[PDB]
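In: Sequence, then the experimental structure. Questions to follow.
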Amino acid sequence: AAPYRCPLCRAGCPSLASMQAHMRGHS
Ligand SMILES: [Zn+2]
């Protein structure tokens with residue numbers, strides 16, 4: 001699958017710093 005495919009929200013991004021920034025909102 002894509003490098004960082006986060007299902008919790010449904011989205012994939014090749015950058016970790018970007019997905020990590022969203023993890024701070026994953027309440
Ligand atoms: Zn997510």
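Out: All right, it came through fine. Numbering: from 1, shown residues only.
In: who touches the spatially most central residue of the chain in this structure?
Out: Most central in the chain under CA atoms, centre = their mean is residue 19, positioned 3.4 Å from the mean C-alpha point. Residue 19 makes contact with 4, 6, 11, 13 under the criterion CB atoms under 8 Å, 6 or more residues apart in numbering. Placement of C-beta: from N, CA and C, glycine included.
In: so how far is the ion from it?
Out: 7 Å (CB to the ion, to the nearest Å).
In: beta partners of the residue nearest to that residue when sequence neighbours are not counted?
Out: Nearest non-adjacent residue to residue 19, counting by CB to CB, 6 or more residues apart in numbering: residue 4, 4.5 Å away. Legend: beta-bridge partners of residue 4 under DSSP bridges are residue 13.
In: if we can go back for a sec, which of the contacts of residue 19 sits closest to residue 23?
Out: residue 6 (8.0 Å; CB to CB).
In: what number of residues lie near the closest one?
Out: Counted by other CB atoms under 10 Å, the residues lying close to residue 6 total 14.
In: Please report how far it lies from the ion.
Out: 4 Å.
In: One more: residue 24?
Out: Residue 24 is 10 Å from the ion, by CB to the ion.
In: Ramachandran coordinates for that residue?
Out: phi -70, psi -20 (degrees, to the nearest 10).
In: count of residues packed around it?
Out: 7.
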